[PDB]
Asks: 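Please read through the structure below; I'll follow up with questions.
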4 protein chains.
Amino acid sequence: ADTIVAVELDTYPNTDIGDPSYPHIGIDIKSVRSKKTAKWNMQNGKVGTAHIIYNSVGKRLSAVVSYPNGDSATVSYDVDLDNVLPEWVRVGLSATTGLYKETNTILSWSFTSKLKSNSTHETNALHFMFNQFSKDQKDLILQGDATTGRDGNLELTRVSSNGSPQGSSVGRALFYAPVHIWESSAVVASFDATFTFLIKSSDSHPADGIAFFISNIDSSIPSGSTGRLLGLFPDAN
Amino acid sequence: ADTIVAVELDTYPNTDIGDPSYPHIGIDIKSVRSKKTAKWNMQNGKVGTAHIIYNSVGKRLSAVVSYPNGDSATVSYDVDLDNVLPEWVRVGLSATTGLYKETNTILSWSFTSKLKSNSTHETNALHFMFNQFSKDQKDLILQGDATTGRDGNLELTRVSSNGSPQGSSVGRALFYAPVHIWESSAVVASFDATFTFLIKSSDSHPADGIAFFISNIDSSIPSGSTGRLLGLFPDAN
Amino acid sequence: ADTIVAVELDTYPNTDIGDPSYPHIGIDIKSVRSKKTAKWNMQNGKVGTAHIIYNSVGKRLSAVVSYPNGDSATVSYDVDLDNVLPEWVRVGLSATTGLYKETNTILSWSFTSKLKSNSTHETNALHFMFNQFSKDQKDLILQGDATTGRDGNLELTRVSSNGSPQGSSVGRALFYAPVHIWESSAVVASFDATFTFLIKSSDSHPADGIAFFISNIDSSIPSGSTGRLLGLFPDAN
Amino acid sequence: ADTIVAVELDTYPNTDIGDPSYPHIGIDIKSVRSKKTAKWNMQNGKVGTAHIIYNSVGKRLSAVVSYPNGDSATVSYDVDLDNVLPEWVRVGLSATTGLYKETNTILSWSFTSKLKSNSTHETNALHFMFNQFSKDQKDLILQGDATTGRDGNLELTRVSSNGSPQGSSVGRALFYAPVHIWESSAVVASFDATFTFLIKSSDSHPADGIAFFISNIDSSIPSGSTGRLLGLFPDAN
Ligand SMILES: CO[C@H]1O[C@H](CO)[C@@H](O)[C@H](O[C@H]2O[C@H](CO)[C@@H](O)[C@H](O)[C@@H]2O)[C@@H]1O
Ligand SMILES: CO[C@H]1O[C@H](CO)[C@@H](O)[C@H](O[C@H]2O[C@H](CO)[C@@H](O)[C@H](O)[C@@H]2O)[C@@H]1O
Ligand SMILES: CO[C@H]1O[C@H](CO)[C@@H](O)[C@H](O[C@H]2O[C@H](CO)[C@@H](O)[C@H](O)[C@@H]2O)[C@@H]1O
Ligand SMILES: CO[C@H]1O[C@H](CO)[C@@H](O)[C@H](O[C@H]2O[C@H](CO)[C@@H](O)[C@H](O)[C@@H]2O)[C@@H]1O
Ligand SMILES: [Ca+2]
Ligand SMILES: [Ca+2]
Ligand SMILES: [Ca+2]
Ligand SMILES: [Ca+2]
Ligand SMILES: [Mn+2]
Ligand SMILES: [Mn+2]
Ligand SMILES: [Mn+2]
Ligand SMILES: [Mn+2]
């Protein structure tokens, strides 16, 4: 199996797999069952923003989601990713729809990764920013139902010609280049991520959500990962 | 009295005032007595590097000091700085020598402050980088015995014409522009500071240390703050 | 007198003073009379964006102003600013109204400056970004009628409580910190400055314009510089 | 054939193919015969630095090569790359050795690409920085004799166990991700590239040079491109 570390924005509360009864954000290490969660009040048809942060020093992974206005949900989990993730990875965005559906749409995505060693300087860095996604995006690796170019946006899960979400959909987008996410000689290994999202659904129950993830370079959508598994895991275990 | 938040690299162990018996790094909130300290083995005559980090999300304040070849010391303190510092502040570097002395010398200093709000984007950023210092540095406010231009560096404590350190010395350097370190409307307020330094002492007991600090805009050296007070505090309380 | 270098967005064609017969963008070295200009059709009530760029390698000072919908204006001037400007300067925005008037309004402003020497690295840099302006902006120096806040914006010329622009009004906004614009040991010295604006005028003839400028550190508004002089130069020479 | 745009540091004067009689820096457009060249006094065994700069406003492609000791060489060419390079490209370094040899070695490399459209606040960007190279660098594609690690440098051309360069060698390193170097909707499309290098040669005549280039994504080393063709070109035309 792949190694996966993800921050999830969970619209659908699948409780039999361990999810809280409320839409929630959570931190996932190698399991669909978050190590930490926070109640999230999503505003249907609104553009939200998610900031994720980690530094090798404080060894605390953090995430915050917020809207204009407005309310915000914060979740933090103490971990040292040196001991979780492999040295090289790929980063990505993943979304699904189960029996219940919704529009999972990325307006913008940015990422920064810094390795600061004990030498001088010495800084290795990777930073990219998408404030929009063209029709043929070469620095993005698209998987499943994920497509770009529509209104300059990125649609993770299948959407019809009228702008209607689809059920049992899964899609993902990984950055083309592999990222060096830590090294043995780096005194500081840090990363920042940010994205904006529009989740719009029709029925009273949208599902299942959006997630930012880090996985081994060859990572791909596991089998039967639509709906509640959010595309990131083969099993709810 | 000023409101100070500082990261101290402490060369000389004043025990009577609460320090540990070994050279140590610490996190000081409004007191010379660190809330969190870590043991630090200083390599005399070598160029060290200090990475200070914070984000309003994890609300954890972190510090690391490293030398090439290995050997770093880490300290971290959970704090929400919205509740300590004023909205508008000035950042700088400070150093002292009491009865025991040492050369507190800065080869490089950089600073990055980001305010990201619940709107879109919208980011307010300030970032500066000093890879060397000139004779007249107009973007720096020098205080006390602090001088620049010598071998292209910044000297925080007084050094003789042969390169010898002096006792009972104190000095500081502040950035000219005030910094907006938080705003009530900012979902994320983050800051990152880095510096390289060379501490070189003759006698077996170097003193008293170096510190990176954030203070009120009008902040100035408190009377009689040399030696153990590191120039940052009027009193050892 | 002060040493000025400016990129001017000129709404009102003063042809006695040497301006072309149309609204124009221009490049002004130490004079209100542009060294170069290009025709600019401004869209009343629309938010535009100006991208200014200079590098000491190609020694070309370029400027472009664009609106949504993709029409723009471009001007470039071959110059070595080594021989024009003082080593240390201040950067800012300046606007005026004449008999005629308009709202000179700034939504966002960002500035990058990098001095890369023949050493290793060695990079000195300043970067600041304002995507909104607070009520009291301590890192800004307001001159004339320039004010901030109430909408989160900066108004360069006097505007009333109802939102109407005023005539014979002049105002400037400079960055607090003096910037090191160039050095003798610098192999490359380059700067980028961007800003967005909204120019709204009730009358058929908006005036007089908006300017991005670079000045000596003690530079202040000259006497009688409103209207056509754009709050930049003492005289029309 | 590939579409190559390059900035060459040419250590060997091949005058039958269009070179000047001195070692030089040059700007190549789809030809081994430069559009612009400059005289370059190279310091054997010294670490030099190259700064490549281009923006879509001034439309001037510039390059500067400087050494500690302050000496430098500068070349510029007026060109609009929209019409030359494909929308998506790949960026990299190339070096070769002919009958005459030399060590082509890279201590650091960095690259920055921005697309700023008329969309007001929408910027797409890619930035990467290598201050050193590990044994297996996954974000790099290595071609020919190019290798990494062991001192954390990048040798573009073959060097033996003792540190001696080899003849008839060719090597190239390309960043893994495809880079979006322009877009029809971008008002400003620019890029910066910087790298440090050490060229050492035993014999009195070092060859053949190092070059930074931008090509089609699938680009590979052309047959018989060693020596004078600098690994960039299939022929001397
Ligand atoms: C009524 O919905 C619950 O019961 C259904 C029948 O057993 C399940 O199909 C359903 O889960 C499926 O839909 C959800 C929501 O989209 C998805 O999260 C889950 O992975 C399944 O695809 C749910 O348990
Ligand atoms: C090493 O001497 C010890 O005792 C002296 C008193 O008898 C002290 O003055 C001395 O401290 C002074 O020097 C230290 C070290 O530089 C400095 O931290 C302290 O502020 C005083 O200036 C020390 O305790
Ligand atoms: C119709 O106004 C023009 O003619 C008037 C009479 O000669 C001028 O006073 C007037 O000058 C003022 O307005 C212009 C346009 O805003 C401005 O450029 C000038 O500096 C004065 O403010 C203008 O020429
Ligand atoms: C003495 O070398 C010159 O004349 C030789 C033929 O007698 C050439 O082969 C030689 O060119 C080869 O070496 C150069 C320098 O390494 C290289 O640029 C060229 O591509 C060939 O490999 C040169 O002209
Ligand atoms: Ca769920
Ligand atoms: Ca002490
Ligand atoms: Ca005018
Ligand atoms: Ca040649
Ligand atoms: Mn969940
Ligand atoms: Mn202490
Ligand atoms: Mn004009
Ligand atoms: Mn040549």
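Counting starts at 1 for both ligands and their atoms, following the listed order. Below, chains carry the letters A, B, ... as their sequence lines are ordered, and counting in each starts from 1. Side chains included, hydrogens not; waters and symmetry mates left out as well; all remaining heavy atoms used.
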Asks: I want to check something: taking the side chain as every heavy atom from C-beta on, are A/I199 and A/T105 in contact at a cut-off of under 4.5 Å?
Replies: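 A/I199 does not reach A/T105 side chain to side chain.
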Asks: What residue and heavy atom of the protein are closest to atom 23 (C) of ligand 1, and at what distance?
Replies: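 Minimum-distance protein heavy atom for atom 23 (C) of ligand 1 reads A/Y12 OH, 3.8 Å.
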Asks: What protein heavy atom sits nearest atom 18 (O) of ligand 1, and how far off is it?
Replies: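 Going by distance alone, atom 18 (O) of ligand 1 is nearest to A/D208 OD2, 2.4 Å.
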Asks: Hey, is the Mn ion (ligand 10) within less than 2.8 Å of some N/O/S atom on B/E8?
Replies: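 Within the cut-off used here (under 2.8 Å), B/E8 does place an N, O or S atom near the Mn ion (ligand 10).
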Asks: Report, in ascending order of atom number, the atoms of ligand 4 lying under 4.0 Å from any heavy atom of D/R228.
Replies: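 Near D/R228, meaning under 4.0 Å from one of its heavy atoms, ligand 4 has 17 (C), 18 (O), 19 (C), 20 (O).
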Asks: Go through B/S21 and B/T15 one step at a time and tell me if the side-chain contact (heavy atoms from CB on, under 4.5 Å) criterion holds.
Replies: CA-CA 6 Å; B/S21 315; B/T15 55; 4.2 Å; yes
Asks: Looking at atom 15 (C) of ligand 4, would you say a protein heavy atom lies below 4.0 Å from it?
Replies: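 Protein heavy atoms within 4.0 Å of atom 15 (C) of ligand 4 - there is at least one.
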Asks: Relative to ligand 4, is D/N14 under 4.0 angstrom through side chain, backbone, both or neither, heavy atoms considered?
Replies: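 Within the 4.0 Å criterion, D/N14 contacts ligand 4 through side-chain atoms alone.
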Asks: So, for atom 7 (O) of ligand 1, does the protein have a heavy atom nearer than 4.0 Å?
Replies: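 It does not; no protein heavy atom is within 4.0 Å.
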Asks: Would you verify that at least one protein heavy atom lies under 4.0 Å from atom 20 (O) of ligand 4, or report that none does?
Replies: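 At least one protein heavy atom is under 4.0 Å away.
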Asks: Can you name the one residue among B/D10, B/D235, B/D16 that meets salt bridge (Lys or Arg N to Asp or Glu O under 4.0 Å) with B/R228?
Replies: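 When B/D10, B/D235, B/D16 are each tested with B/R228, the salt bridge (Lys or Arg N to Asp or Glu O under 4.0 Å) holds only for B/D16.
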Asks: Is the shortest heavy-atom distance from the side chain of B/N104 to the side chain of B/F197 under 4.5 Å?
Replies: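 SC-SC contact between B/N104 and B/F197 ruled out.
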Asks: Within the supplied structure, the quantity of interest is the number of heavy atoms (other residues, nucleotides, ligands) at a distance under 6.0 Å from D/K30 NZ; does it exceed 12?
Replies: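 Open: at most 12 neighbouring heavy atoms sit under 6.0 Å from NZ of D/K30.
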Asks: Mind checking whether A/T96 and A/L229 have side chains closer than 4.5 Å, heavy atoms only?
Replies: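 No; the side chains remain at least 4.5 Å from each other.
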Asks: What atoms in ligand 1 come closer than 4.0 Å to a heavy atom of A/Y100?
Replies: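 Near A/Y100, the atoms of ligand 1 are 15 (C), 16 (O).
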Asks: Indicate yes or no: does an N/O atom of D/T97 lie under 3.5 Å from an N/O atom of ligand 4?
Replies: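 No - when backbone and side-chain N and O of D/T97 are compared with those of ligand 4, no distance drops under 3.5 Å.
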Asks: Cation over ring, B/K39 on B/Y22, under 6.0 Å and within 45°?
Replies: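 B/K39 over B/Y22 ring: yes.
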Asks: Starting from the C-alpha separation in whole Å, work towards a yes-or-no answer on side-chain contact (heavy atoms from CB on, under 4.5 Å) for B/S76 and A/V57.
Replies: CA-CA 8 Å; B/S76 297; A/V57 181; 4.2 Å; yes
Asks: List ligand 1 atoms under 4.0 Å from A/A207, heavy atoms only on the residue side.
Replies: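 What qualifies from ligand 1 is 15 (C), 16 (O).
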Asks: Residue-level breakdown please: for D/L99 versus ligand 4, do any non-hydrogen atoms fall below 4.0 Å on the side chain, on the backbone, on both, or on neither?
Replies: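 Near ligand 4, D/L99 shows its backbone as well as its side chain.
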Asks: Give me the ring orientation class for A/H205 and A/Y12: parallel if the planes are under 30° apart, tilted from 30 to 60°, perpendicular past 60°.
Replies: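 Perpendicular.
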Asks: Write the atom name of the N, O or S atom in B/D10 that is nearest the Mn ion (ligand 10).
Replies: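 Going through the N, O and S atoms of B/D10 one by one, OD2 ends up nearest to the Mn ion (ligand 10).
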Asks: Would you say atom 4 (O) of ligand 1 makes contact with the protein, given that contact here means a non-hydrogen protein atom less than 4.0 Å away?
Replies: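 Answer no: nothing from the protein, no heavy atom, is under 4.0 Å.
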Asks: If you have a sec, read the angle at the Mn ion (ligand 10) from B/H24 atom NE2 over to B/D19 atom OD1, to 10 degrees.
Replies: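 It is 90°, given to the nearest 10°.
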Asks: Just wondering, do B/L232 and B/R172 contact through their side chains at under 4.5 Å, heavy atoms?
Replies: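 They are in side-chain contact.
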